Amino acid sequence: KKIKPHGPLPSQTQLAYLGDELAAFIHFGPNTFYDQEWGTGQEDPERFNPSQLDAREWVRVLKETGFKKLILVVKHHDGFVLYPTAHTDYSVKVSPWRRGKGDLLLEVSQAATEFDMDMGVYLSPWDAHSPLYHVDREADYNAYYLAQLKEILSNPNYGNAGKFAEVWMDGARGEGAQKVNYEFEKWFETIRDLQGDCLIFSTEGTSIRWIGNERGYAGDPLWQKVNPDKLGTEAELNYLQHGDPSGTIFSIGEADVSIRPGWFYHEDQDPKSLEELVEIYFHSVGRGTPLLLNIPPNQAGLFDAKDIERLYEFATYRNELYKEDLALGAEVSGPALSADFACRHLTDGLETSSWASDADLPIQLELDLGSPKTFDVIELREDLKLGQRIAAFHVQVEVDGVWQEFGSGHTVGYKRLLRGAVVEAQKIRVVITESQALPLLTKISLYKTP
Ligand SMILES: [Ca+2]
Numbered sequence: 002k003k004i005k006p007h008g009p010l011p012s013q014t015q016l017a018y019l020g021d022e023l024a025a026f027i028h029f030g031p032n033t034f035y036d037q038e039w040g041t042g043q044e045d046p047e048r049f050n051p052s053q054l055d056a057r058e059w060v061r062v063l064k065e066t067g068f069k070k071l072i073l074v075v076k077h078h079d080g081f082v083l084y085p086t087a088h089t090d091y092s093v094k095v096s097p098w099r100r101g102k103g104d105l106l107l108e109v110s111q112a113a114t115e116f117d118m119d120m121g122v123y124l125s126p127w128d129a130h131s132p133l134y135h136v137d138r139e140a141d142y143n144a145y146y147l148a149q150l151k152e153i154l155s156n157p158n159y160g161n162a163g164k165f166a167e168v169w170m171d172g173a174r175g176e177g178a179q180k181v182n183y184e185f186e187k188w189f190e191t192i193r194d195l196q197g198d199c200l201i202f203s204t205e206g207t208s209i210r211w212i213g214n215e216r217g218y219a220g221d222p223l224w225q226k227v228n229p230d231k232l233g234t235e236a237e238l239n240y241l242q243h244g245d246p247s248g249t250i251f252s253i254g255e256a257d258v259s260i261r262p263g264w265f266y267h268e269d270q271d272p273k274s275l276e277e278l279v280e281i282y283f284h285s286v287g288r289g290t291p292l293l294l295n296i297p298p299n300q301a302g303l304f305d306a307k308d309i310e311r312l313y314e315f316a317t318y319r320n321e322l323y324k325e326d327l328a329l330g331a332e333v334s335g336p337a338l339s340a341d342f343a344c345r346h347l348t349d350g351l352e353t354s355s356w357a358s359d360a361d362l363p364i365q366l367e368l369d370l371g372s373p374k375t376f377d378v379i380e381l382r383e384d385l386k387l388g389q390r391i392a393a394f395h396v397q398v399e400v401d402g403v404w405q406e407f408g409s410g411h412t413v414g415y416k417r418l419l420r421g422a423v424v425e426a427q428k429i430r431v432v433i434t435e436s437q438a439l440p441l442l443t444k445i446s447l448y449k450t451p
């Protein structure tokens with residue numbers, strides 16, 4: 002009497018990203034030396050000349066502060082390519098950096114390989130430099146885009162031991178004779194050919210989509226699934242933000258946020274406060290989706306000291322948050338499908354195990370912590386190997402012998418962190434009120450915020 006799957010099932014790579022939670026973007030290039038956000042394609046390669054670039058420093062700090070993947074911008078809008086591409090002369094080849102022998106993608110890949118940091122790349126579809134970037138040279142431009150994809154993803158010296166985990170692309174394009182058409186499908190085919198199950202963020206129906214929110218905040222609900230016919234560059238932002246309750250492909254709505262107002266380094270900018278980073282975390286990772294956080298190196302080729310300190314503060318916040326699971330080993334009562342799907346699985350500390358029930362909704366789970374504990378966060382997780390299901394739930398707590406509401410939500414997904422006013426309680430209920438199929442949970446935890 003097995004539990005049948007519901008909805009589209011995530012790939013192993015999609016589940017890996019969801020589990021990894023945190024990725025870093027790196028914006029570094031001509032724009033850094035021109036103090037700007039968006040280049041013209043006429044920037045002087047002579048100006049690309051960082052005094053003391055240390056990619057190993059980038060990677061080491063990222064790894065130490067909890068990031069599991071690093072996506073490197075290899076060619077932004079300006080079209081300046083940060084590795085010595087065979088396919089254009091507008092690259093590091095003609096810059097003074099490393100006596101003109103530099104390869105930023107190689108230097109980051111070497112470092113990332115040493116630290117087992119997953120790798121991704123961005124090459125801007127919209128290219129302000131390339132003479133091929135015109136409606137009348139579209140086939141030519143696409144062949145150029147494709148050739149660089151091939152150049153990067155085929156070279157075993159690029160990547161984390163030759164492997165890329167995410168290719169990232171937007172869909173923006175010029176106007177008039179610059180309104181170039183992208184051969185997205187041929188690009189995705191190339192990616193799969195060269196890097197197999199590598200995730201793709203795009204505007205089309207790939208494994209990752211944009212969350213569609215500039216602040217990095219997930220919608221509520223957040224279904225990690227979509228109908229591919231409702232995406233493209235004209236996709237509705239509300240649709241990206243919530244996903245589709247009847248979506249037919251598993252899709253991660255990635256939250257992309259810069260640690261500063263701009264994506265490139267600007268001296269008169271500062272990293273987001275710990276407070277703001279914490280809010281973003283709860284509204285992204287705490288809603289079941291990864292945070293991709295941009296950190297821009299300065300003109301010296303180094304992360305800003307304020308930004309480095311902030312990442313350590315953020316890592317310390319998270320490590321303190323999760324230090325004590327106040328629900329671990331609590332007694333649970335409620336309906337359960339079988340012994341294999343017992344209530345005790347919710348707090349047993351095992352990744353092997355889950356709870357499930359086909360009882361009529363609402364389903365009530367009650368935890369007895371065994372002594373009064375002080376908390377302000379509850380975490381719930383579904384088993385997405387059987388598909389996303391829960392659509393509404395609420396949480397109640399017994400405070401001084403009287404039941405009161407703690408918080409409520411809609412989707413759970415891979416992981417939901419729900420904050421409430423701090424309480425001291427010994428008993429808690431999780432009540433599932435709506436679900437697309439019979440609910441499972443793999444874990445209920447409780448924490449106190451630092
Ligand atoms: Ca478990």
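Heads up, the authors' numbering is the position in the sequence shown plus 1, with the first residue counted as 1. Each residue gets a CB set at the ideal place from its N, CA and C atoms; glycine is no exception.
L200 beta carbon less than 8 Å from that of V258: No, these two residues do not count as a Cβ contact at 8 Å.
Whole-angstrom Cβ separation of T14 and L223, contact assumed at under 8 Å? Between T14 and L223 a beta carbon distance of about 19 Å is seen, past the 8 Å cut, so the two are scored as non-contacting.
Taking 6 Å as the limit between beta carbons, can you name the residues of its chain near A173, skipping five residues before and five after? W127
Please classify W224: does DSSP put it in a helix, a strand, or coil? coil
Compute the minimum distance between the beta carbon of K444 and the heavy atoms of ligand 1, and state whether it is under 7 Å. yes
Beta bridge counterpart(s) of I27 as assigned by DSSP: The bridge partners DSSP lists for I27 are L73.
Pick out whichever of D326, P11, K76 has its Cα sitting closest to the Cα of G20. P11
Tell me which residue opens and which closes the alpha helix (DSSP H) that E276 is part of. From DSSP, the alpha helix (DSSP H) with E276 extends over 275 to 283.
Which of helix, strand or coil DSSP assigns to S446: Secondary structure of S446 (DSSP, three-state): strand.
Counting only runs that start and end within the segment 281 to 369, where is the alpha helix (DSSP H) found for 4 or more residues in a row? 306 to 322
Spell out a yes or no on whether the segment 245 to 253 and the segment 317 to 336 are touching, meaning 3 or more CB-CB pairs, one atom from each, closer than 8 Å. no
Could you please give the first and the last residue of the uninterrupted alpha helix (DSSP H) stretch that includes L419? Counting along the chain, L419 falls outside any alpha helix (DSSP H), though it belongs to the beta strand (DSSP E) covering 417 to 436.
With a CB to CB cut of under 7 Å and the five nearest residues on each side skipped, what residues in its chain are close to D384? Taken in chain order, the residues that qualify are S355, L441, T443.
Three or more beta-carbon pairs under 8 Å between the segment 321 to 330 and the segment 392 to 401, yes or no? no
Could you tell me whether the Cβ atoms of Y159 and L124 are closer together than 8 Å? no
So, does the segment 267 to 275 touch the segment 39 to 47, judging by three or more C-beta pairs under 8 Å? no
Quick check: what's the CA-CA separation for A422 versus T450? 11 Å
Is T33 helix, strand or coil when you go by DSSP? Correct three-state label for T33: helix.
Output the residue ranges of the beta strand (DSSP E) runs that lie fully inside the segment 108 to 188 and measure 3 residues or longer, sorted by chain position. 119 to 124, 167 to 169
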